[PDB]
Structure formats: structure tokens, C-alpha cells
Amino acid sequence: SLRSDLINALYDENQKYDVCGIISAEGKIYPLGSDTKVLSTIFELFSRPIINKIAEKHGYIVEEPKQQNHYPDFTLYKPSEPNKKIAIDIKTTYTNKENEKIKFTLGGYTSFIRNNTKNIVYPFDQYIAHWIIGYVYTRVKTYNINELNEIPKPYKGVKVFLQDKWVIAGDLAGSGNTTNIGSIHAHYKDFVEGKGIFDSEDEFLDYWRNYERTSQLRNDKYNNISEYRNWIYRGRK
Amino acid sequence: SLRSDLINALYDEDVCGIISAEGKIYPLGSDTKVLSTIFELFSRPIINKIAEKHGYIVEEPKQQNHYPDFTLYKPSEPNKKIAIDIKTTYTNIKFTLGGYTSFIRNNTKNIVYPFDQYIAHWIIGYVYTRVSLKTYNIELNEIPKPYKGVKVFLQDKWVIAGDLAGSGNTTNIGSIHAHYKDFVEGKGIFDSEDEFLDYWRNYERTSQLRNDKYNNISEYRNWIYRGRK
DNA sequence: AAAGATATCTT
DNA sequence: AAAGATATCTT
Ligand SMILES: [Ca+2]
Ligand SMILES: [Ca+2]
């Protein structure tokens, strides 16, 4: 499948290469800082050619957002079937020590999942899968080409997984003012395996479509999956 | 001085990719998210070089949502610290200049050292003009750059601050909306840093609230006449 | 505009 | 946890 091939190619590339700096055309190399804003940019850039290669191998077109502030990082589709599009989005978080619990912010809950054309490259309904490539890294002068192995890398270990967004979605927000879905707070294994909390993608969608932006508003409705299932039991009242 | 040396070093000092230790190069994306990361990484060695030359220790933040990107100080003068923060935008200008509800209202909020320890707050602002999914080999000249040209300036934060917010839910100060030249020259709107700070320390978050207080510099000045009521 | 998206972190 | 910072762009 595209999905096993992509997984395999990402896992592989991640093991065979370590990014250590940005290079100028004149050949000066600048090292990397160890902030997730640097590492998410790097990981996104490192992934693009792999997605592209595996996509070509299966006849999919890859499109990236033309405008900024649009989901997804990559839309793949076969020209023959334009309405069965796949959304791939890259997410990153850090760990201080391998094997700690991690969590991701999984995108806004008030944009495309509530309004089919808000902040998304194609209408939401044209997508049949939303995959998350998640990167987890353990956080840890200019140089010349002759020094590539000498530059200190700003991370100790990097792990990557591909999983469906609904599968790893949690029931608490990942951010307040920017209203993001929070993922499960779990070990890396759990993301790989897909040990989430929702039973279907329909349940995930109904929960985040009806989630209220503040706890004073949520106090009356639901604040987690068990209160949501009770709320549903009783007739959404 | 440190400031003229840094400005000279920045003007004096073109990135086309990230490189792996194995020598494969991955090209650069087009979003400002990519380029803000690149211009910060580009400036760190410059800043550190100049700083060293003038006897200043440079410190980056440990926590990821703290200001500033670089704190510079002589260990002999620790309440004469300098804040340098890198800001980026594109042209096919205005900058967002940081929150107005964190350290300017609360001395230790989201800042590496207490706000009172800093004697200057410089902005290095990069402006790039907007214009591959293959990897390259150490082919550098064949790699497409995602930008057509880049300009940089160093200026004091108060001189280029505007009077309209630069963002809504993340409550940022907006700069003057001006030509590159005006930022270089420092053709701002506030009379002093004292006025810049009092305007932003009392700026209300929404238009509702603002409509009974002030929305721009003329209205703030009239609010001062009124007795800050 | 002014308001709210894009992504992730900190307490 | 919930809420609000970090940076910048879009409508
Ligand atoms: Ca994305
Ligand atoms: Ca900064």
C-alpha cells in the first residue's frame, strides 16, 4: 500500500541520515538550534522528497498549500479519483529522555472540521484519510563542507510514526487561544499501534465539532469522552 | 560600538537548503515558517561573533516561549542587558513585534531575565521577496532558492512600533506599516520609549473595550489629556 | 481592521 | 488542566 511503503521509506531515511545544518550556495554551514520551531521546519523539509518519491511510485499527485495557514502539508490524489484525496500533515514534539509520555497538537477544531472550506486546500469532504507523520526528538560558529561530521546535532534520538489523525486524537484540547485538538498523552508505542480513545472517525468528528472553547462552556456539556458518551446517551441534552 | 559592529556584520553577511551529515541537501520550503527559522539560524553566529568581540556573554532561552532570542551582557554590568529578537516578513511591510500582555505588563512573564534588567530591545528584521522535492548532492548552484532577495535592518523596538495590534488572539504589537527605508531610518510614531510602553501597557484586547479608551495614537493622546479615564 | 487561523509549548 | 505565551499571516 502507499501507506506501508511511505512508513517504510520514512523509518529507513530517518535511520540513514541526520540533518546537521543549513548550507549556503557558497558552502558555509550554520548549525541548528534545538527548539521545536527549528526541528519541525527541518523535519517537514526532510520528509517532502520521500512523500514525493513514494507518491510517484503509486501514481499519486502531491500538492502542497499555495497559501500559508492552510492544512494539509501534503494532499495526495490520483487524477482519476480526485475526490478520494489523502491529507498528510507533519507534527513534531520533543522529549527530554527517551520513552517519556508525549503528546501532539493535532490541528484546529474550529476551522475545516466545522466549515468544510475553512483553511484547507481542498474541501474537507474530498478527503478520505488524514494521516499524521509524527516526529519525536530527544532534545540536546559556521562550518565548512569538510567538517560535516564535526557539527553538533541538536537532538539525541528521533522516532517517526504514521497514523490516522482520528486514531491518536484525544478528548482534551492541545491549546487554549489557538483551539487545537490534543492527541492522546501516551508512549510512542501507543501512537504506532493506534491505542487511542475514539471508537470510530465519526465519533472523533462529532466530539470535536461539538467541543466548547472554554471550560465554563464545557462544564454544562462535556469535558472528556465519558461525559460525551453520557451526553449522547441522554439525547445530546 | 557593539550596535554599529553588529549592523555592519549583518549587512556584510544565501542559504539554499538543509544538509545531512552524510552530505545530502534538502531544499527549502516557501512558507515564512521556514524562512523565519533560517534567518534566525543565519544570525546566531554573527551575533555571537560580534558579542564576543565586545566582551558580552550571549544567552538563548531555555524555555521555548520566552523572549528574547538573544540576551547580551557584560558580567560586570548585569542590569545593562540587551535584548535582540529576530522578526521576519515578506514582500511579493509590517512586522509583529511580540506580545503586549506578557513581560511589558508583567516584569518576569515569558522573558529570560526580568524586564527591568534590559536597557535596550533591538529588532533584527529580515524582509525577503517571495519568488523542489528532490535532494541534491554537495549541485549547490542548481538548487532553487525560495526567495528572490533579502534586506535586513537593526532598529530599536520602540522606534518601529505602531499603534495597531499585529495579531488578534495572540495579542501582538504591530509595527509601523512602512517602506524598508523608514525602518532603517527609524521613522516611527511614538515620541519616546516611555510613550510606546504606556500605550501598549494600557491597550485593550478587543475593539469593544478599545472603543471607550483608544484605538490609535491620536486617541491615546486625547485619553492622556482626559486624565486616563 | 480586527479577529482568528497555522504549530507547539509552559505551568 | 486550562489558559495563554512564542511568530506571522490571511481576510
Ligand atoms: Ca501542517
Ligand atoms: Ca523571538
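FYI, side chains are in, hydrogens and waters are out, and symmetry mates aren't considered; it's all heavy atoms of this structure. Letters A, B, ... are given to chains in the order of the sequence lines, protein chains preceding strands, and every chain is numbered from 1.
Between B:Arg205 and C:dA2, a side-chain N or O to OP1/OP2 separation shorter than 4.0 Å is absent. Contact between the side-chain N/O atoms of A:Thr214 and the OP1/OP2 oxygens of D:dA3 is not found at any separation under 4.0 Å. One finds a side-chain N or O of B:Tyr90 lying less than 4.0 angstrom from the OP1 or OP2 phosphate oxygen of D:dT10. Here A:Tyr94 does not reach the OP1 or OP2 of C:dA7: none of its side-chain N or O atoms lies under 4.0 Å away.
Where A:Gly174 and A:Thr110 each meet DNA chain C at their nearest nucleotide, the meeting point lying more 5' is that of A:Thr110. A residue-by-residue look at A:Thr178 and B:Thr170 shows that B:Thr170 has its nearest nucleotide of DNA chain C further toward the 5' end.
Atoms CG (B:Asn110) and P (D:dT6) sit 5 Å apart, rounded to a whole Å. Between A:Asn115 atom CG and C:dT6 atom P the separation is 12 Å, expressed in whole Å. Straight-line distance from the CG atom of B:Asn65 to the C1' atom of D:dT6: 6 Å, rounded to whole Å. One atom, CG of B:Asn216, and another, P of C:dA2, lie 9 Å apart when rounded to the nearest Å. Put simply, CD on B:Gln64 is 11 Å from P on C:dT11, counting in whole angstrom units. As a whole-Å value, the separation of B:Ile123 CD1 from D:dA7 P is 9 Å. Atom-to-atom, CD of A:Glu64 to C1' of C:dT6 comes out at 15 Å; the value is rounded to the nearest Å. For A:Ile133 and C:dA7, the CD1 to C1' distance is 16 Å, given to the nearest whole Å.
The aromatic rings of A:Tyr17 and B:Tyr26 lie perpendicular to each other, with more than 60° between the two planes, well past the 30° mark. Under the 30°/60° scheme for interplanar angles, the aromatic rings of A:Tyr228 and A:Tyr222 are found to stand perpendicular.
For B:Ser167, the listed nucleotide lying nearest its side chain is D:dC9; candidates were D:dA3, D:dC9, C:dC9. Residue B:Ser102 has its side chain nearest to D:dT6 when only D:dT6, C:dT10, D:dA7 are considered. For A:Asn177, the side-chain atoms get nearest to D:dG4 when compared with the rest of D:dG4, C:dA7, C:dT10. Taking only side-chain atoms of B:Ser36, from C-beta outward, the nucleotide of D:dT8, C:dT8, C:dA3 with the closest atom is D:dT8. If you check C:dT6, D:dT8, D:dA3 against the side chain of B:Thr32, the one that comes closest is D:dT8. Taking the side chain of B:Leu164 as heavy atoms from C-beta on, and the options C:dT8, C:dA2, C:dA5, the nearest nucleotide is C:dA2.
With sequence neighbours excluded, the residues satisfying salt bridge (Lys or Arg N to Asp or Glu O under 4.0 Å) with A:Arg3 are A:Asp164.
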Donor-acceptor pairs are to be reported for all side-chain atoms of residues 104-113 of chain A against protein atoms at under 3.5 Å, with residues two or more places apart or in another chain.
none

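Using a 4.5 Å cut-off on side-chain heavy atoms (C-beta onward), B:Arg221 and B:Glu195 make contact.
Residue contacts shown for A:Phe112 are limited to sugar-phosphate atoms, with no base heavy atom under 4.0 Å away.
Of the charged side-chain nitrogens involved, none lies within less than 4.0 Å of a carboxylate oxygen, so that A:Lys159 and A:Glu98 do not count as a salt-bridged pair.
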